[PDB]
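Report on one structure; see the data block that follows.
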Amino acid sequence: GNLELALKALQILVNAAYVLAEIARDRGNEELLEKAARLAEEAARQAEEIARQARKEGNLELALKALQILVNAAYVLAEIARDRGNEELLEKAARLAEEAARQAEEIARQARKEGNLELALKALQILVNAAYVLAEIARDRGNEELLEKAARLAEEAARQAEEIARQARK
Amino acid sequence: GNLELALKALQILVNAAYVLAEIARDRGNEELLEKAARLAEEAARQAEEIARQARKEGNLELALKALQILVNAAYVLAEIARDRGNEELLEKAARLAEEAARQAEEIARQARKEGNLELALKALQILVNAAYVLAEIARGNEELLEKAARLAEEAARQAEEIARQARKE
Amino acid sequence: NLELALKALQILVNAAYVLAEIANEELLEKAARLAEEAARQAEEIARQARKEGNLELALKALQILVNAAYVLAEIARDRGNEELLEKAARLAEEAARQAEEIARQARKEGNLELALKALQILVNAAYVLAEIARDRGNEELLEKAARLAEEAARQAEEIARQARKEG
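Protein chains in written order, with the working numbering: chain A, 177 to 346; chain B, 906 to 1074; chain C, 10 to 176.
Put into structure tokens, the structure is as follows:
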């Protein structure tokens, strides 16, 4: 395909951004951290387009692969905010992860409404992954709001996965 | 599809159990922990039955894919046990890991007797992953450290053996 | 189908990780020999497949070089062995060095998926190089490892814009 090639490139952007942030952190370099933050954002921004772009075209599977990159970028962006001192990036990484969590439920709702259980479960998996990042973003800021929101989002994915299990075992 | 869809749904139970676990682990709160423990504890029981059901028909993979969920479920169940200090739960999670390694050994031993090379390697991978959890469940009962080491020593011993047979062709 | 050999070598690297994590200075040396065997054996499968043609099995073999060098990197720390840091580093640079070439070859052929898979080994090798470099405090490798990621992000960033022209 063609749209997946960007996503595979975007995933390497988040990966190189994660490595750069880890090697720039301990030896107090803010320049590498300025790359890793910018590298992660655009991989999320480009994934945000491809997620929406694949959703409309009629692909809910290609959209999901983009939604995980929001999770992976918001995950890496949380560290850059955490390792540095920017309480401004943690405010953006949550919105990025929360968007993926919100969109996953939609594709889940649509896939379950169409009878595509497998595609639904992949959306439920990204729902749990977004809850994981949001939970992590909340323990080092002590905000029980994000930790509570993550609880229901993770719990909601839990029950829907329980339902798809019985629906298969008939 | 098929009962595989149950397993993929079961894997999400262990994943969601882990996120809840992490949350209540740090942010002091045992109500989530017993929910997440039960969530993780449940998918482990579900995976155990599908393993047996897959063993009988003939499909060893569905059995293997279920055995991996026992390893992944036992991992989350051990984690709550370490933080919550429940030395009894560390045991149930350990027994869960001990079964998957043992059951994989059969599928590993069985696949090698038929000449199905990578069906064995998939069982050997599940054996090494189960040995890994027990090491964590021990890192300090020194016997279990032998049990986890012993399982790790033999999965390695066979993978280099199976790799000698593949490189000649 | 040297692919079946590679998956077996990964179980060698994995069991070496379990044994190295547990510790017995004998076990740490048995895990060291276990991983160092799968890395030198992955190097052979890489060379043979890269020579006959196959650029994926070479990459699939190179990924175990990163993972074998990664597992051996821990044994170096837990045993206090700066001589071991050389082998784990030597493999990581090799996997990184070979990946760039395989990336270069794949880009000339139009196998953009293959380049990105080769570029992933660049980041995975660059991360290990960084990990091996913060342990002894060698800032030469820490810049070298940073550059490896800076190249992988830079080359993959083009493939992201070059591919969306036909989305």
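Backbone N, C-alpha and C define an ideal beta-carbon position, used for all residues, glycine too.
The alpha helix (DSSP H) runs of length 4 or more contained entirely in the region 112–146 of chain C are, from start to end of the chain, 121–145. In this structure the region 256–271 of chain A does not touch the region 282–300 of chain A; the number of beta carbon pairs closer than 8 Å is below three.
Here A:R201 is buried, its C-beta having at least 16 other C-beta atoms within 10 Å.
Per DSSP, the continuous alpha helix (DSSP H) segment holding C:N23 begins and ends at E12 to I31.
Non-local C-beta neighbours of A:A227 in its own chain, meaning closer than 6 Å and more than five positions away in sequence, comprise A239, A242 and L243, ordered along the chain.
Using a Cβ distance threshold of 8 Å, A:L253 and A:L236 do not count as a contacting pair.
Collapsing the DSSP output to three states places B:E1065 in a helix.
Counting only residues of its own chain and dropping the five nearest sequence neighbours on each side, A:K211 has a CB closer than 6 Å to the CB of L196. Just so you know, the alpha carbons of C:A158 and C:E175 end up roughly 27 Å apart. Chain order gives the chain C residues near A:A192 as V132, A135, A158, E159, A161, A162 and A165, where near means a beta carbon separation below 8 Å. Between the region 129–144 of chain C and the region 186–195 of chain A, the count of Cβ pairs shorter than 8 Å is three or higher; the stretches touch. Collapsing the DSSP output to three states places A:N205 in coil. Note on geometry: alpha-carbon atoms of A:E275 and A:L310 lie some 11 Å from one another.
Chain A has a Cβ within less than 8 Å of the Cβ of B:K913.
Excluding its 5 nearest sequence neighbours in each direction, A:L215 has C-beta neighbours in its own chain below 8 Å: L189, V190, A192, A193 and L196, listed in chain order.
Interface with chain C (8 Å Cβ-Cβ cutoff): B:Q1030 is included. Nearest CB-CB separation between C:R59 and chain A: not below the 8 Å threshold.
Between A:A220 and A:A182 the beta-carbon gap is near 13 Å, outside 8 Å, which marks them as no contact. The C-beta distance from B:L1024 to B:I1067 rounds to 11 Å, too long to fall under 8 Å, and the pair is not in contact. In summary, A:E207 is exposed, with fewer than 16 beta-carbon neighbours lying within 10 Å of its beta-carbon over all protein chains present.
In the DSSP assignment, C:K69 falls within the alpha helix (DSSP H) that extends over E65 to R88. Its chain contains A29, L37, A40, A41 and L93 as the residues whose beta carbon lies nearer than 7 Å to that of C:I84, once the 5 sequence neighbours on both sides are disregarded; these appear in chain order. The beta carbon of B:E927 sits closer than 8 Å to some beta carbon of chain A. About 14 Å separates the beta carbon of C:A97 from that of C:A135, a gap too long to meet the 8 Å contact definition.
In the three-state reduction of the DSSP assignment, A:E264 falls in the coil class, being assigned neither a helical nor a strand state.
Against chain C, a Cβ distance below 7 Å from A:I256 picks out nothing, because the smallest value is about 14 Å. Here DSSP, grouped into helix, strand and coil, assigns B:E1047 to helix. Taking all protein chains in view, the Cβ of B:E962 is surrounded by fewer than 16 other Cβ atoms within 10 Å, so the residue is classified as exposed. The beta carbon of A:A223 sits closer than 6 Å to the beta carbons of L186, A242, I245 and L246 from its chain, once the five residues preceding and following it are set aside; these are given in chain order. Scanning chain B for C-beta atoms nearer than 8 Å to the C-beta of A:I245 yields nothing, as the closest lies near 18 Å away. Rounded to the nearest whole angstrom, the C-alpha separation of C:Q57 and C:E12 is 12 Å. Residue contact check for B:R1044 against chain C: a CB pair falls below 8 Å.
C:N133 is classed as buried because its beta carbon has at least 16 other beta carbons within 10 Å across all chains shown.
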